There are 2 protein chains.
Amino acid sequence: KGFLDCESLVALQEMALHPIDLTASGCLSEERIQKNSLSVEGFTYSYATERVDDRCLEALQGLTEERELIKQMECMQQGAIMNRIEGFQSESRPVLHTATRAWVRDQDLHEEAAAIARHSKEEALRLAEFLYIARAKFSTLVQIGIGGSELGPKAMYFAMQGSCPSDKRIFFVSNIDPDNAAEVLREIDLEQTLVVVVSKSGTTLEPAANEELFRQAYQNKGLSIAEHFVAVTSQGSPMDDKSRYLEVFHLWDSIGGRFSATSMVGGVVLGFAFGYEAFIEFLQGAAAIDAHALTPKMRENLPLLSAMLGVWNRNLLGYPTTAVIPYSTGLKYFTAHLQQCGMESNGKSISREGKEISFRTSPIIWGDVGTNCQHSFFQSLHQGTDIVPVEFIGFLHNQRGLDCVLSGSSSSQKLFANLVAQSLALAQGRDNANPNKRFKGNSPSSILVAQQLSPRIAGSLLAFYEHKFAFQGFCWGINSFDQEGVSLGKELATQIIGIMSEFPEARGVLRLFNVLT
Amino acid sequence: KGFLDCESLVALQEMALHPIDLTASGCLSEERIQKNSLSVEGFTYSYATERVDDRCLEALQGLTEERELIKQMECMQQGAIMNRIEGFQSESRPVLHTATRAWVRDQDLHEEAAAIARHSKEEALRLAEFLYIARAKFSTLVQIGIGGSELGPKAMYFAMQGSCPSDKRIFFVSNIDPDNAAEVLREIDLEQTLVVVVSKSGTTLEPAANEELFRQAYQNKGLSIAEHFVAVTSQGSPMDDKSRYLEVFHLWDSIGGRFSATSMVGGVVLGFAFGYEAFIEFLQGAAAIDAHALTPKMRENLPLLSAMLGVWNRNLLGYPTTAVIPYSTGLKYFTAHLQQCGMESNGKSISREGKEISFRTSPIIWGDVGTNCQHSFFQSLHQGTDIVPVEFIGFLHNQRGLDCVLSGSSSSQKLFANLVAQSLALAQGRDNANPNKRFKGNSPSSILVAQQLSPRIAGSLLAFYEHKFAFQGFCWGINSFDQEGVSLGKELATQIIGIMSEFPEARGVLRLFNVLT
Ligand SMILES: O=C[C@H](O)[C@@H](O)[C@H](O)[C@H](O)COP(=O)(O)O
Ligand SMILES: O=C[C@H](O)[C@@H](O)[C@H](O)[C@H](O)COP(=O)(O)O
């Protein structure tokens, strides 16, 4: 039964007419604050500030059943062909980023999923061997890569920077804009630098242009070049070449780029920065959420609940965006990665059966950290014309151990308290005789908290959102795991290269070129 | 005549029923590419890829007249009381960020505007005197401040980093999250560090907690403390204290935080990084756009056209967001600042007359750089269910002089060509027999280009968006220049401090606190 044809969706459309009024006096009771929460796998998740009541949550639970979300999650994790469009040409392959960490806890994986799990284990032990030497010889790592090859690793590197002692200097060169390469080359000692070229296909324009820029810089300084370059690419890729790289690590075709941070795409840079054992802790955190995401009761399942609350906000209440708001300096780059992972996966408008859909899929994912956000665009959340649902992320304790007692509390406490106060304020609002000072409220939010950001918790948070977006795709019935819009971008890049050294831009591009130059 | 009561808006509502079809064969003609462009003040602006035709642009021009946008811009720049709500308590003051740079070109300013202009000139010469010494004594500057006191300066600092030689190390400490302070303290030599505390009010929790954290670090290392701390604050503020700071610079009450990057809020950090003359070039670029924004014909006026095209997309076509996409590493932080400046200014739902409005104001402002964006959320722009209007920003040349010829073109060229190809692709789309590979098109965008990012161009780009948002506020008839939502945030912060050492969160905050800990 397709998305719109499920009985539970029909019930939810009636409920969406009159969602609970979070501004009614006494609505945010102790009972509701206790009931609408879940504490498991090192987190507490509170959603008393979402516009949901027990009737709504029973039907959302029915929706997960009618759409068989748990069965699809198993199928994905066990190795079924989830990346495909029936009736038409498509990639037609499994979706196996969970298998890149499944091997750190005993599991019964078969066929393609088992092969990915054992190859990941073989890669990781090759990484441990490699890092013993590399962390002794190099002070500096430069990751060349774009999209899924940069954002996940970069978000995870800054997430862990506060927990793991390290003297390594770490840079990311991604844009074909050569100013990106120049800013990094300005800063580094090449003799001390390990360059990690990360490209699944091995053929993306940006890593290839950037790698060539760095190869020339080594040759200009008169340094042996191959001794400094490591590749991370798909097996059998044009880049899978041990005569051109000091070492070569592999992912595989069933490892989506935007899901590859737990593969060697993240393993090399994270392992070099913080040491092997920290990367394993990161993997254990992800694998623990992989196992938890099979929990059948929505109310007892973090990614499944977050997915269905998102579906409530997006399709039933009609809000076209979601703001992710981490109260966490370490998570400064996490929203940018989530924005790719959610919008690239679920920014689709055809079903896995090839039919054009009549509902909306991925919302715009955007956001920034607190408390900074309270001084800027929170103005519009509190008093603008459009409701923006918020996902707050916070921690009870800082990573780096520096804090200060002022007026009876530490700044870690002030940080968390600000998050709580804003969620309550967004949900309840404030009357006022002055219209300039009134707050209508009923702007929904959830709160996810762990004790402290760590490698393990970073891994759990990553896997949490990976499965949230997968569950939303499974519910919508779309293919979350290809990206024909991004393939088109790479094809445009090939053609504009040929045009500057036929296709439907050419006549347009030429005339634009004349008016802009 | 209010927004909805203007005749031209009535005409535009009829036109919005059937906007031009950018996917119709031959629609993006040479005539249309020439006609729908504007090249002035060092930029070219192309909007042939917006869903507008001559009928629509004539009526939008009528809308600027009926709403008297040019007269309101003059009033703002000349010093009139634009920050006020009639009928109710409000801040009731002028809006004079333009006067902080007006003094670099001859002008006829009177009364409050003239006073701000001459005090800005007096501040700048005090800055030049100060920088001669400070750039000789310190290698490192740390800006402590949040919101308008950080984002604008930070966006401008990275914008200019590629053009101006500098050995200064520059950090921003903003969040009350003490991990922010800790990451910076981990990196700097305090004896070599100048700490610039930037806070207009002088009372915001975050700068005050952070300044105290840094004062203790100096005292722990046993260093003379006052010799290293500079203040930037409103005149007569609690911080305006030459016995507590090595030096004190001023802005004034009519200088909005989100418009303060051209005041000493940006002047100190920019002047220290790149030298005085670079800050003056930045001011000249802004002042040049201030003068240009008085041009009465919408089609001959960059910020007025961009504002009205935004109003077309937001209110007439109904798109609730705008993506700002800079093809520019130097502009990596520009979208975050624009997001504050637009959403905090225009995230309002009452008129300057105190009436609740019946239309939508600020959209969500979000985005990231190209070409990275082509590999991530551009998937949703090309094939998701919701139209997102795009503002592309690009340059013909890189800042840092490093580039490479590959297959007949430089990477600067590949960078620009990718931008052009994507705008055309978003507007025209692509049919396909395979539904997974078809692109519906008609997704609108504009293109703003300068020869090269520079201090001057950075200043023009900043002023461009400041006036875009002002023109949109003038058109909507809202007060763009206060922020009662942000005042509420600071009030919540005061109260949660007292609660941890009455108000409508208290009972809610306590029970949340129990469920999350
Ligand atoms: O799922 C991720 C997307 O396909 C995209 O972001 C991809 O990661 C980049 O285009 C880099 O691709 P390569 O790793 O193949 O260079
Ligand atoms: O217009 C800007 C806003 O009011 C807000 O972003 C403000 O800049 C910060 O709250 C910092 O305020 P202070 O500069 O007064 O510390």
# chains A, B, ... in the order shown; residues from 1 in each chain; ligands from 1

call {"tool": "residues_near_ligand", "arguments": {"ligand": "ligand 2", "cutoff": "7 Å", "atoms": "only C-alpha atoms and all ligand atoms", "output": "PyMOL selection string"}}
result
(chain A and resi 375-376) or (chain B and resi 145-149+198-204+207+256-259+483+486)

call {"tool": "select_by_dssp", "arguments": {"residues": "region 50-192 of chain B", "states": "strand (DSSP E)", "output": "PyMOL selection string"}}
result
chain B and resi 140-144+169-173

call {"tool": "closest_residue", "arguments": {"among": "A:231, A:516, A:449, A:387", "to": "ligand 1", "atoms": "only C-alpha atoms and all ligand atoms"}}
result
A:231

call {"tool": "select_by_dssp", "arguments": {"residues": "region 239-287 of chain B", "states": "helix (DSSP H, G or I)", "output": "PDB file with N, CA, C and O atoms, in the first residue's frame"}}
result
ATOM      1  N   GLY B 257      23.141  46.025  15.004  1.00  0.00           N
ATOM      2  CA  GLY B 257      24.192  45.014  15.078  1.00  0.00           C
ATOM      3  C   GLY B 257      24.416  44.273  13.774  1.00  0.00           C
ATOM      4  O   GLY B 257      25.552  44.117  13.320  1.00  0.00           O
ATOM      5  N   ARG B 258      23.331  43.816  13.140  1.00  0.00           N
ATOM      6  CA  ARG B 258      23.414  43.090  11.882  1.00  0.00           C
ATOM      7  C   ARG B 258      23.760  44.000  10.708  1.00  0.00           C
ATOM      8  O   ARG B 258      23.868  43.521   9.570  1.00  0.00           O
ATOM      9  N   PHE B 259      23.933  45.297  10.960  1.00  0.00           N
ATOM     10  CA  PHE B 259      24.399  46.237   9.950  1.00  0.00           C
ATOM     11  C   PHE B 259      25.697  46.922  10.371  1.00  0.00           C
ATOM     12  O   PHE B 259      26.012  47.993   9.854  1.00  0.00           O
ATOM     13  N   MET B 264      33.155  50.311  13.680  1.00  0.00           N
ATOM     14  CA  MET B 264      34.316  49.739  14.347  1.00  0.00           C
ATOM     15  C   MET B 264      34.114  48.275  14.748  1.00  0.00           C
ATOM     16  O   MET B 264      35.098  47.613  15.101  1.00  0.00           O
ATOM     17  N   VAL B 265      32.874  47.762  14.708  1.00  0.00           N
ATOM     18  CA  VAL B 265      32.628  46.339  14.926  1.00  0.00           C
ATOM     19  C   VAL B 265      33.452  45.493  13.954  1.00  0.00           C
ATOM     20  O   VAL B 265      34.061  44.483  14.342  1.00  0.00           O
ATOM     21  N   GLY B 266      33.473  45.888  12.676  1.00  0.00           N
ATOM     22  CA  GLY B 266      34.357  45.277  11.701  1.00  0.00           C
ATOM     23  C   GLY B 266      35.695  45.987  11.558  1.00  0.00           C
ATOM     24  O   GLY B 266      36.688  45.375  11.151  1.00  0.00           O
ATOM     25  N   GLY B 267      35.743  47.275  11.900  1.00  0.00           N
ATOM     26  CA  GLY B 267      36.933  48.064  11.602  1.00  0.00           C
ATOM     27  C   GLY B 267      38.182  47.575  12.312  1.00  0.00           C
ATOM     28  O   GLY B 267      39.269  47.546  11.726  1.00  0.00           O
ATOM     29  N   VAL B 268      38.046  47.183  13.582  1.00  0.00           N
ATOM     30  CA  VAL B 268      39.209  46.759  14.361  1.00  0.00           C
ATOM     31  C   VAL B 268      39.794  45.464  13.798  1.00  0.00           C
ATOM     32  O   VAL B 268      40.983  45.392  13.471  1.00  0.00           O
ATOM     33  N   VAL B 269      38.974  44.419  13.685  1.00  0.00           N
ATOM     34  CA  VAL B 269      39.517  43.134  13.253  1.00  0.00           C
ATOM     35  C   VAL B 269      40.015  43.218  11.817  1.00  0.00           C
ATOM     36  O   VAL B 269      41.104  42.725  11.496  1.00  0.00           O
ATOM     37  N   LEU B 270      39.246  43.861  10.934  1.00  0.00           N
ATOM     38  CA  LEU B 270      39.674  43.996   9.546  1.00  0.00           C
ATOM     39  C   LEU B 270      40.924  44.853   9.450  1.00  0.00           C
ATOM     40  O   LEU B 270      41.879  44.498   8.749  1.00  0.00           O
ATOM     41  N   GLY B 271      40.941  45.989  10.152  1.00  0.00           N
ATOM     42  CA  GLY B 271      42.118  46.844  10.122  1.00  0.00           C
ATOM     43  C   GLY B 271      43.376  46.154  10.623  1.00  0.00           C
ATOM     44  O   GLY B 271      44.453  46.314  10.047  1.00  0.00           O
ATOM     45  N   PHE B 272      43.254  45.362  11.693  1.00  0.00           N
ATOM     46  CA  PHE B 272      44.412  44.647  12.221  1.00  0.00           C
ATOM     47  C   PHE B 272      44.888  43.570  11.252  1.00  0.00           C
ATOM     48  O   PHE B 272      46.096  43.423  11.017  1.00  0.00           O
ATOM     49  N   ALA B 273      43.954  42.799  10.690  1.00  0.00           N
ATOM     50  CA  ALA B 273      44.326  41.737   9.764  1.00  0.00           C
ATOM     51  C   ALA B 273      45.055  42.298   8.555  1.00  0.00           C
ATOM     52  O   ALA B 273      46.176  41.887   8.245  1.00  0.00           O
ATOM     53  N   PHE B 274      44.440  43.259   7.873  1.00  0.00           N
ATOM     54  CA  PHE B 274      44.871  43.652   6.544  1.00  0.00           C
ATOM     55  C   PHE B 274      45.407  45.071   6.452  1.00  0.00           C
ATOM     56  O   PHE B 274      45.770  45.498   5.348  1.00  0.00           O
ATOM     57  N   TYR B 276      45.007  49.428   7.710  1.00  0.00           N
ATOM     58  CA  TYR B 276      43.970  50.462   7.659  1.00  0.00           C
ATOM     59  C   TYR B 276      43.416  50.672   6.252  1.00  0.00           C
ATOM     60  O   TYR B 276      42.193  50.697   6.052  1.00  0.00           O
ATOM     61  N   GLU B 277      44.308  50.850   5.270  1.00  0.00           N
ATOM     62  CA  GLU B 277      43.892  51.192   3.912  1.00  0.00           C
ATOM     63  C   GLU B 277      42.925  50.164   3.339  1.00  0.00           C
ATOM     64  O   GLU B 277      42.052  50.514   2.540  1.00  0.00           O
ATOM     65  N   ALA B 278      43.055  48.894   3.733  1.00  0.00           N
ATOM     66  CA  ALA B 278      42.121  47.888   3.239  1.00  0.00           C
ATOM     67  C   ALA B 278      40.725  48.106   3.817  1.00  0.00           C
ATOM     68  O   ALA B 278      39.720  47.919   3.114  1.00  0.00           O
ATOM     69  N   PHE B 279      40.638  48.524   5.089  1.00  0.00           N
ATOM     70  CA  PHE B 279      39.327  48.827   5.665  1.00  0.00           C
ATOM     71  C   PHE B 279      38.678  50.031   4.978  1.00  0.00           C
ATOM     72  O   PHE B 279      37.462  50.045   4.753  1.00  0.00           O
ATOM     73  N   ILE B 280      39.473  51.036   4.601  1.00  0.00           N
ATOM     74  CA  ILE B 280      38.919  52.180   3.883  1.00  0.00           C
ATOM     75  C   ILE B 280      38.391  51.761   2.505  1.00  0.00           C
ATOM     76  O   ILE B 280      37.336  52.235   2.054  1.00  0.00           O
ATOM     77  N   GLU B 281      39.118  50.882   1.806  1.00  0.00           N
ATOM     78  CA  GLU B 281      38.631  50.390   0.520  1.00  0.00           C
ATOM     79  C   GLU B 281      37.311  49.658   0.688  1.00  0.00           C
ATOM     80  O   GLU B 281      36.397  49.809  -0.135  1.00  0.00           O
ATOM     81  N   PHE B 282      37.206  48.851   1.747  1.00  0.00           N
ATOM     82  CA  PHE B 282      35.952  48.196   2.105  1.00  0.00           C
ATOM     83  C   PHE B 282      34.832  49.215   2.322  1.00  0.00           C
ATOM     84  O   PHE B 282      33.704  49.011   1.854  1.00  0.00           O
ATOM     85  N   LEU B 283      35.129  50.323   3.026  1.00  0.00           N
ATOM     86  CA  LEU B 283      34.130  51.372   3.235  1.00  0.00           C
ATOM     87  C   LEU B 283      33.741  52.045   1.923  1.00  0.00           C
ATOM     88  O   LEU B 283      32.559  52.345   1.705  1.00  0.00           O
ATOM     89  N   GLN B 284      34.716  52.317   1.046  1.00  0.00           N
ATOM     90  CA  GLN B 284      34.384  52.955  -0.227  1.00  0.00           C
ATOM     91  C   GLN B 284      33.456  52.077  -1.062  1.00  0.00           C
ATOM     92  O   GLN B 284      32.537  52.584  -1.715  1.00  0.00           O
ATOM     93  N   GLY B 285      33.646  50.753  -1.017  1.00  0.00           N
ATOM     94  CA  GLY B 285      32.756  49.868  -1.761  1.00  0.00           C
ATOM     95  C   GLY B 285      31.325  49.914  -1.256  1.00  0.00           C
ATOM     96  O   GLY B 285      30.376  49.949  -2.041  1.00  0.00           O
ATOM     97  N   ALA B 286      31.152  49.922   0.062  1.00  0.00           N
ATOM     98  CA  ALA B 286      29.820  50.066   0.635  1.00  0.00           C
ATOM     99  C   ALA B 286      29.211  51.436   0.311  1.00  0.00           C
ATOM    100  O   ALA B 286      28.065  51.529  -0.151  1.00  0.00           O
ATOM    101  N   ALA B 287      29.963  52.517   0.527  1.00  0.00           N
ATOM    102  CA  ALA B 287      29.406  53.845   0.257  1.00  0.00           C
ATOM    103  C   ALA B 287      28.968  53.997  -1.199  1.00  0.00           C
ATOM    104  O   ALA B 287      27.984  54.691  -1.488  1.00  0.00           O
TER     105      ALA B 287
END

call {"tool": "residues_around", "arguments": {"residues": "region 351-366 of chain B", "least_positions_apart": "3", "cutoff": "6 Å", "atoms": "only C-alpha atoms", "output": "ChimeraX atom specification"}}
result
/A:385 /B:85-86,320-323,339,343,346-347,477-479

call {"tool": "write_last_selection", "arguments": {"atoms": "N, CA and C atoms", "output": "PDB file, in the first residue's frame"}}
result
ATOM      1  N   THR A 385       6.477  34.893   9.880  1.00  0.00           N
ATOM      2  CA  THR A 385       5.179  34.456   9.387  1.00  0.00           C
ATOM      3  C   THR A 385       5.098  32.948   9.113  1.00  0.00           C
TER       4      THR A 385
ATOM      5  N   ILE B  85       7.533  51.563  15.911  1.00  0.00           N
ATOM      6  CA  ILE B  85       6.194  51.023  15.709  1.00  0.00           C
ATOM      7  C   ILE B  85       5.204  52.062  16.226  1.00  0.00           C
ATOM      8  N   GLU B  86       4.318  52.533  15.350  1.00  0.00           N
ATOM      9  CA  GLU B  86       3.373  53.563  15.747  1.00  0.00           C
ATOM     10  C   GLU B  86       2.280  52.946  16.600  1.00  0.00           C
ATOM     11  N   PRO B 320       8.818  29.751  -0.173  1.00  0.00           N
ATOM     12  CA  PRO B 320       9.127  30.210   1.188  1.00  0.00           C
ATOM     13  C   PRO B 320      10.615  30.313   1.525  1.00  0.00           C
ATOM     14  N   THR B 321      11.537  29.961   0.627  1.00  0.00           N
ATOM     15  CA  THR B 321      12.964  30.059   0.921  1.00  0.00           C
ATOM     16  C   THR B 321      13.695  30.708  -0.245  1.00  0.00           C
ATOM     17  N   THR B 322      14.955  31.080   0.016  1.00  0.00           N
ATOM     18  CA  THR B 322      15.927  31.529  -0.976  1.00  0.00           C
ATOM     19  C   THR B 322      17.276  30.934  -0.603  1.00  0.00           C
ATOM     20  N   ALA B 323      17.926  30.288  -1.571  1.00  0.00           N
ATOM     21  CA  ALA B 323      19.287  29.779  -1.428  1.00  0.00           C
ATOM     22  C   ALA B 323      20.280  30.764  -2.035  1.00  0.00           C
ATOM     23  N   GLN B 339      21.894  35.298   6.177  1.00  0.00           N
ATOM     24  CA  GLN B 339      20.784  34.644   6.856  1.00  0.00           C
ATOM     25  C   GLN B 339      20.377  35.410   8.114  1.00  0.00           C
ATOM     26  N   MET B 343      16.786  37.419   7.825  1.00  0.00           N
ATOM     27  CA  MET B 343      15.750  36.805   8.658  1.00  0.00           C
ATOM     28  C   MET B 343      15.538  37.561   9.965  1.00  0.00           C
ATOM     29  N   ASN B 346      13.669  40.942   8.719  1.00  0.00           N
ATOM     30  CA  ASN B 346      12.354  40.868   8.108  1.00  0.00           C
ATOM     31  C   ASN B 346      11.546  39.684   8.606  1.00  0.00           C
ATOM     32  N   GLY B 347      12.029  38.985   9.634  1.00  0.00           N
ATOM     33  CA  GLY B 347      11.229  37.943  10.251  1.00  0.00           C
ATOM     34  C   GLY B 347      10.196  38.530  11.189  1.00  0.00           C
ATOM     35  N   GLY B 477       6.269  47.011   4.475  1.00  0.00           N
ATOM     36  CA  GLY B 477       5.784  47.928   5.490  1.00  0.00           C
ATOM     37  C   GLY B 477       6.016  47.473   6.917  1.00  0.00           C
ATOM     38  N   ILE B 478       7.063  46.695   7.160  1.00  0.00           N
ATOM     39  CA  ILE B 478       7.385  46.204   8.483  1.00  0.00           C
ATOM     40  C   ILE B 478       8.570  46.998   9.016  1.00  0.00           C
ATOM     41  N   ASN B 479       8.895  46.801  10.295  1.00  0.00           N
ATOM     42  CA  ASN B 479      10.073  47.437  10.886  1.00  0.00           C
ATOM     43  C   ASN B 479      11.241  46.462  10.779  1.00  0.00           C
TER      44      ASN B 479
END

call {"tool": "closest_atom_pairs", "arguments": {"of": "chain B", "to": "ligand 1", "cutoff": "12 Å", "atoms": "only C-alpha atoms and all ligand atoms", "output": "Markdown table"}}
result
| residue | atom | partner | partner_atom_place_in_ligand_line | distance |
| --- | --- | --- | --- | --- |
| B:371 | CA | ligand 1 | 10 (O) | 10.0 |
| B:372 | CA | ligand 1 | 6 (O) | 8.1 |
| B:373 | CA | ligand 1 | 6 (O) | 8.7 |
| B:374 | CA | ligand 1 | 10 (O) | 7.9 |
| B:375 | CA | ligand 1 | 6 (O) | 4.2 |
| B:376 | CA | ligand 1 | 6 (O) | 5.1 |
| B:377 | CA | ligand 1 | 6 (O) | 8.8 |
| B:378 | CA | ligand 1 | 6 (O) | 9.9 |
| B:379 | CA | ligand 1 | 3 (C) | 9.1 |

call {"tool": "residues_around", "arguments": {"residues": "residue 173 (chain A)", "least_positions_apart": "2", "cutoff": "12 Å", "atoms": "only C-alpha atoms", "output": "compact mmCIF listing (two decimals) with N, CA, C and O atoms, in the first residue's frame"}}
result
# COMPACT_ATOMS: atom_id res chain seq x y z
N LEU A 141 47.54 16.34 7.49
CA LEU A 141 46.76 15.56 6.52
C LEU A 141 45.84 16.50 5.75
O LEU A 141 45.17 17.35 6.35
N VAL A 142 45.81 16.34 4.42
CA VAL A 142 44.96 17.14 3.54
C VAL A 142 44.02 16.20 2.79
O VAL A 142 44.46 15.40 1.96
N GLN A 143 42.73 16.28 3.08
CA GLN A 143 41.75 15.46 2.38
C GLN A 143 41.26 16.21 1.15
O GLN A 143 40.66 17.28 1.27
N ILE A 144 41.54 15.64 -0.02
CA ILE A 144 41.05 16.14 -1.30
C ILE A 144 39.83 15.31 -1.66
O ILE A 144 39.92 14.09 -1.81
N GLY A 145 38.69 15.97 -1.81
CA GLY A 145 37.44 15.28 -2.09
C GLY A 145 36.29 16.25 -1.89
O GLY A 145 36.44 17.31 -1.27
N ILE A 146 35.14 15.87 -2.43
CA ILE A 146 34.00 16.77 -2.46
C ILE A 146 32.74 15.98 -2.15
O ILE A 146 32.71 14.75 -2.27
N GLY A 147 31.69 16.69 -1.74
CA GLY A 147 30.40 16.04 -1.50
C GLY A 147 30.49 15.02 -0.38
O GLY A 147 31.03 15.29 0.69
N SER A 149 32.46 12.67 -0.10
CA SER A 149 33.86 12.41 0.22
C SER A 149 34.48 13.44 1.15
O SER A 149 35.62 13.23 1.58
N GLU A 150 33.78 14.54 1.48
CA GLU A 150 34.31 15.54 2.40
C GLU A 150 33.43 15.80 3.61
O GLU A 150 33.94 15.84 4.74
N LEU A 151 32.12 15.98 3.42
CA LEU A 151 31.30 16.63 4.44
C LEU A 151 31.14 15.76 5.68
O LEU A 151 31.26 16.25 6.80
N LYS A 154 34.47 15.55 7.52
CA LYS A 154 34.76 16.84 8.12
C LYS A 154 33.87 17.10 9.34
O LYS A 154 34.35 17.57 10.37
N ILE A 170 44.82 19.34 10.06
CA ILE A 170 43.90 18.66 9.16
C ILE A 170 43.20 19.69 8.30
O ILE A 170 42.64 20.67 8.81
N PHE A 171 43.24 19.49 6.98
CA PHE A 171 42.63 20.40 6.02
C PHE A 171 41.78 19.62 5.04
O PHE A 171 42.00 18.42 4.79
N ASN A 175 36.47 22.30 -3.25
CA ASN A 175 35.97 23.09 -4.38
C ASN A 175 36.94 23.05 -5.56
O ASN A 175 38.16 23.03 -5.40
N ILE A 176 36.38 23.07 -6.77
CA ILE A 176 37.27 23.28 -7.91
C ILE A 176 37.80 24.71 -7.93
O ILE A 176 38.83 24.97 -8.57
N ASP A 177 37.14 25.65 -7.24
CA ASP A 177 37.70 26.96 -6.96
C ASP A 177 39.14 26.79 -6.46
O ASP A 177 39.35 26.31 -5.35
N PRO A 178 40.15 27.18 -7.24
CA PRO A 178 41.54 26.95 -6.82
C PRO A 178 41.95 27.77 -5.61
O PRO A 178 43.01 27.49 -5.03
N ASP A 179 41.16 28.78 -5.22
CA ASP A 179 41.47 29.50 -3.99
C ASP A 179 41.39 28.57 -2.79
O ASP A 179 42.11 28.76 -1.81
N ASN A 180 40.55 27.53 -2.88
CA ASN A 180 40.51 26.50 -1.83
C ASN A 180 41.85 25.80 -1.69
O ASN A 180 42.39 25.69 -0.58
N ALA A 181 42.43 25.34 -2.81
CA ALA A 181 43.74 24.71 -2.74
C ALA A 181 44.81 25.70 -2.29
O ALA A 181 45.69 25.36 -1.49
N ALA A 182 44.73 26.93 -2.77
CA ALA A 182 45.75 27.91 -2.44
C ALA A 182 45.76 28.23 -0.94
O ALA A 182 46.84 28.32 -0.33
N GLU A 183 44.58 28.40 -0.33
CA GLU A 183 44.56 28.70 1.11
C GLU A 183 45.21 27.58 1.91
O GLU A 183 45.89 27.85 2.91
N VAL A 184 45.06 26.33 1.47
CA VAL A 184 45.65 25.23 2.22
C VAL A 184 47.15 25.15 1.98
O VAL A 184 47.93 25.01 2.92
N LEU A 185 47.57 25.26 0.71
CA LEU A 185 49.00 25.22 0.41
C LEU A 185 49.75 26.35 1.12
O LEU A 185 50.91 26.17 1.50
N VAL A 195 48.74 13.56 1.76
CA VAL A 195 47.60 14.00 0.97
C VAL A 195 46.70 12.79 0.71
O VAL A 195 47.13 11.82 0.08
N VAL A 196 45.46 12.85 1.16
CA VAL A 196 44.52 11.74 1.02
C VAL A 196 43.48 12.14 -0.01
O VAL A 196 42.61 12.98 0.25
N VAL A 197 43.57 11.55 -1.20
CA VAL A 197 42.62 11.81 -2.27
C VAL A 197 41.47 10.81 -2.14
O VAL A 197 41.67 9.59 -2.27
N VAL A 198 40.28 11.32 -1.89
CA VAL A 198 39.11 10.50 -1.59
C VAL A 198 38.11 10.73 -2.71
O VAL A 198 37.56 11.83 -2.85
N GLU A 206 36.61 17.61 -9.48
CA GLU A 206 37.23 18.41 -8.43
C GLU A 206 38.41 17.71 -7.77
O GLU A 206 39.52 18.27 -7.74
N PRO A 207 38.25 16.50 -7.20
CA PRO A 207 39.45 15.80 -6.68
C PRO A 207 40.55 15.67 -7.71
O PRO A 207 41.73 15.78 -7.35
N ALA A 208 40.21 15.44 -8.98
CA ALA A 208 41.24 15.23 -10.00
C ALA A 208 42.00 16.52 -10.28
O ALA A 208 43.23 16.51 -10.40
N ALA A 209 41.28 17.64 -10.41
CA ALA A 209 41.98 18.90 -10.60
C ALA A 209 42.78 19.26 -9.36
O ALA A 209 43.92 19.74 -9.46
N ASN A 210 42.23 18.99 -8.17
CA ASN A 210 42.94 19.38 -6.96
C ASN A 210 44.17 18.50 -6.73
O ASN A 210 45.25 19.02 -6.40
N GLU A 211 44.03 17.18 -6.91
CA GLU A 211 45.19 16.29 -6.80
C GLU A 211 46.31 16.73 -7.73
O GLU A 211 47.48 16.78 -7.33
N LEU A 213 46.86 19.75 -8.86
CA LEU A 213 47.43 20.96 -8.27
C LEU A 213 48.42 20.63 -7.16
O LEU A 213 49.45 21.31 -7.01
N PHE A 214 48.13 19.63 -6.34
CA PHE A 214 49.04 19.30 -5.25
C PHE A 214 50.26 18.55 -5.75
O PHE A 214 51.38 18.80 -5.27
N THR B 329 35.33 30.57 -2.51
CA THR B 329 35.82 30.10 -1.22
C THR B 329 35.86 31.24 -0.21
O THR B 329 35.46 31.08 0.95
N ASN B 372 30.66 22.80 -4.50
CA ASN B 372 30.28 21.74 -3.54
C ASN B 372 28.78 21.48 -3.57
O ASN B 372 28.36 20.32 -3.56

call {"tool": "residues_around", "arguments": {"residues": "residue 23 (chain A)", "least_positions_apart": "4", "cutoff": "10 Å", "atoms": "only C-alpha atoms", "output": "list in words"}}
result
residues 27, 28, 424, 425, 426, 427, 428, 429, 430, 431, 440, 441, 442 and 443 of chain A

call {"tool": "residues_around", "arguments": {"residues": "residue 40 (chain B)", "least_positions_apart": "5", "cutoff": "12 Å", "atoms": "only C-alpha atoms", "output": "PyMOL selection string"}}
result
(chain A and resi 516) or (chain B and resi 45-46+288-289+292-293+295+299-303+448-451+460)

call {"tool": "closest_residue", "arguments": {"among": "A:413, A:64, A:77, A:340", "to": "chain B", "atoms": "only C-alpha atoms"}}
result
A:340
